[PDB]
Amino acid sequence: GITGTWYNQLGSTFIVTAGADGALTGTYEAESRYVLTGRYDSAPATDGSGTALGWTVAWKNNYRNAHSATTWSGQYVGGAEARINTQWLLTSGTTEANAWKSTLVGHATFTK
Amino acid sequence: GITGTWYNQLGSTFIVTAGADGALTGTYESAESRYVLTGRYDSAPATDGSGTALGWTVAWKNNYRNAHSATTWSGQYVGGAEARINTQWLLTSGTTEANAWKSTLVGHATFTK
Amino acid sequence: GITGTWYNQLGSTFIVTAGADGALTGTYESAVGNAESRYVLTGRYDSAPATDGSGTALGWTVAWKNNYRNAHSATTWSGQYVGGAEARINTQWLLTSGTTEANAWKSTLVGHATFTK
Amino acid sequence: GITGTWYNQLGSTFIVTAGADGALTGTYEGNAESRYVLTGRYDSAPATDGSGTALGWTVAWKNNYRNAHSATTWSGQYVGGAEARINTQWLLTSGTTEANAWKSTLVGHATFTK
């Protein structure tokens with residue numbers, strides 16, 4: 001039940017298809033729509049533990065380019081009240097002299 | 001200059017193809033140690049001397065093993081004749097909700113061509 | 001403002017004093033009601049915050065060693081104090097364990113935590 | 001072992017005293033307007049198996065001369081030897097409005113040399 005539409009508190013949403021390959025494809029949301037791609041464990045444990053996954057978005061589309069990219073690392077918790085809990089990293093292009101301020105960290109919980 | 005073969009501090013290698021649309025596709029070998037990678041990058045970076053932002057994902061499942069884990073690498077590409085990728089990474093393992101708090105490792109890694 | 005007792009719904013509390021000189025001093029109780037769950041906290045905070053509605057930057061550290069136990073590890077929380085009818089402190093944390101250099105790649109966990117007064 | 005003067009790449013220096021109590025005290029910097037107070041904790045009885053010593057400290061970027069309305073925390077470990085080093089991951093948080101809270105925290109890493 002990863003496949004579907006997910007919403008986050010700050011009002012971002014995304015649409016993903018989970019393939020049998022372990023591939024993740026979709027969009028993160030026209031001028032605000034970006035391509036997403038990632039991977040998940042297509043054979044998780046059945047001991048109650050969640051399903052590890054991660055995905056990337058580059059913040060460039062045919063309308064805008066913020067010269068940066070975000071990655072989300074987390075797990076999927078299934079059932080009726082399904083959730084994806086993540087932590088993310090956002091890196092912007094910078095000079096070497098200013099690389100030390102190039103990466104933000106944060107967290108986000110998604111609901112279906 | 002992203003397309004190609006990269007090696008890091010202790011024995012990891014990946015082969016990556018950077019596509020016009022901005023896709024990153026390739027293979028990550030942690031040493032049978034090969035795994036699928038996929039990610040995104042800025043295919044129209046600035047020309048003021050800044051680096052090129054990118055990120056990628058590896059889920060540690062191949063046909064030979066499954067670690068119930070995935071790592072994401074976030075960083076930037078730096079050209080030159082000393083071309084490199086500086087990243088920070090997050091590694092999340094599948095856990096029980098009770099153990100969620102210790103689900104995620106953080107680290108950094110530099111890669112060379 | 002910051003001075004007082006703070007709780008995280010997962011069964012943890014801390015008592016702190018925010019000093020005139022930017023210092024944070026108190027005790028962290030890992031497990032509500034458990035006296036052997038108590039550790040020294042120390043930190044720093046911005047004693048002259050912006051008055052534009054911004055929160056107050058702060059940080060503290062706890063090494064997980066006391067008279068009772070030693071986990072060979074330390075956590076640092078980085079975040080901000082946000083005033084309101086219900087005051088909160090929003091943080092990101094790092095937990096580092098001692099390891100050999102061979103295992104250093106797995107020495108540090110990252111997470112987040114919110115505390116309410 | 002930890003007590004002493006430490007250097008990292010960028011050009012930053014910190015002077016610290018490790019107390020018997022697990023206390024870490026010192027300064028992050030010798031000109032005064034670049035000088036900030038640090039406090040932290042360390043594992044005062046590390047494992048005896050080759051492991052490093054866990055430690056952490058905090059700096060609030062306010063002094064008599066300036067205020068950046070932010071704070072950095074360093075989390076890492078000390079590794080002894082004649083090439084002793086401190087390896088750290090860090091978090092820098094700035095005070096923001098409700099609206100900017102999502103970008104209030106930077107992460108990085110840093111190695112310090114004695």
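Within every chain, numbering begins at 1; the chains are lettered A, B, ... in the order of the sequence lines, protein sequences first and strands thereafter. Only heavy atoms go into these numbers, but all of them, side chains included; no hydrogens, no water, no symmetry mates.
By the 4.5 Å heavy-atom criterion applied to side chains, B/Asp42 and B/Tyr77 are not counted as neighbours. Side-chain atoms of D/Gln89 and B/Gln88, non-hydrogen and from C-beta on, do get closer than 4.5 Å to each other. Between C/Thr76 and D/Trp90 the shortest side-chain heavy-atom distance does not fall below 4.5 Å. When side chains are defined from C-beta on, C/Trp105 counts as touching B/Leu91, because their heavy atoms get closer than 4.5 Å.
The distance from atom OG1 of C/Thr42 to atom CG of C/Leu24, rounded to the nearest 0.5 Å, is 7.5 Å. Of the inter-residue distances, the one linking A/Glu96 atom CD with A/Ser102 atom OG reads 11.0 Å to the nearest 0.5 angstrom. Between B/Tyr7 atom OH and B/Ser12 atom OG the span is 13.0 Å, to the nearest 0.5 Å. The OG1 atom of C/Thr56 sits 9.5 Å away from atom CD1 of C/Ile89, with the distance rounded to the nearest 0.5 Å. A distance of 5.0 Å separates OH in B/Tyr35 from OG in B/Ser30, rounded to the nearest 0.5 Å. To the nearest 0.5 Å, the span separating CG on B/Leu90 from OG on B/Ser74 amounts to 8.0 Å.
Note on ring orientation: taking the six-membered ring where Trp is involved, the planes of A/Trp55 and A/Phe14 are tilted (angle from 30° to 60°).
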Yes or no on side chain to side chain donor-acceptor pair (under 3.5 Å) for D/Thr96 and C/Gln80, after CA distance, side-chain angles and deciding distance?
CA-CA 8 Å; D/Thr96 66; C/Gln80 47 188 130; 3.3 Å; yes
Would A/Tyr40 and A/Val16 count as a side chain to side chain contact (heavy atoms under 4.5 Å, CB included) if you check the C-alpha gap in whole Å, the side-chain angles of each, and the deciding distance to 0.1 Å?
CA-CA 12 Å; A/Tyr40 76 104; A/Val16 263; over 6 Å; no
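Within 6.0 Å of the CG atom in B/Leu10, the count of heavy atoms belonging to other residues, nucleotides or ligands does not exceed 12. By the neighbour-count criterion of 12 heavy atoms within 6.0 Å, atom CG of A/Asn62 is sparsely surrounded, having that number or fewer from other residues, nucleotides or ligands. Heavy-atom neighbours of A/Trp59 CH2 from other residues, nucleotides or ligands within 6.0 Å: above the threshold of 12. Atom CD of D/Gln9 has more than 12 heavy atoms from other residues, nucleotides or ligands within 6.0 Å.
Proximity of a side-chain donor or acceptor of A/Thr56 to a complementary backbone N or O of B/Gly39 within less than 3.5 Å is not detected. Formation of a donor-acceptor pair under 3.5 Å by the A/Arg39 side chain with backbone atoms of B/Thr71 is not found in this model. With hydrogens and angles ignored, the 3.5 Å screen pairs a side-chain donor or acceptor of D/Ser70 with a backbone N or O of D/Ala68.
Every residue two or more places apart in sequence or in another chain was checked for a side chain to side chain donor-acceptor pair (under 3.5 Å) with A/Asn61, and none qualifies.
Of all the heavy atoms in A/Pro44 and A/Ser42, the pair that sits closest is CD-C, 3.7 Å. Across every non-hydrogen atom of A/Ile15 and A/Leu36, the tightest pair is O-CD2, 4.5 Å. Minimum interatomic distance between B/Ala70 and A/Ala52 (heavy atoms only, all atoms of both residues): N-CB, 4.0 Å.
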Under 3.5 Å, which donor-acceptor pairs link side chains of residues 109-117 of chain C to any protein atom two or more places apart or in another chain?
| residue | atom | partner | partner atom | Å |
| --- | --- | --- | --- | --- |
| C/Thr114 | OG1 | C/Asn90 | OD1 | 3.2 |
| C/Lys117 | NZ | C/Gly1 | O | 3.1 |
| C/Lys117 | NZ | C/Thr3 | O | 3.0 |

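In this structure, B/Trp6 has its ring center no closer than 6.0 Å to that of B/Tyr28.
With hydrogens and angles left out, the side-chain atoms of B/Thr92 and B/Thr104 include a donor and acceptor closer than 3.5 Å.
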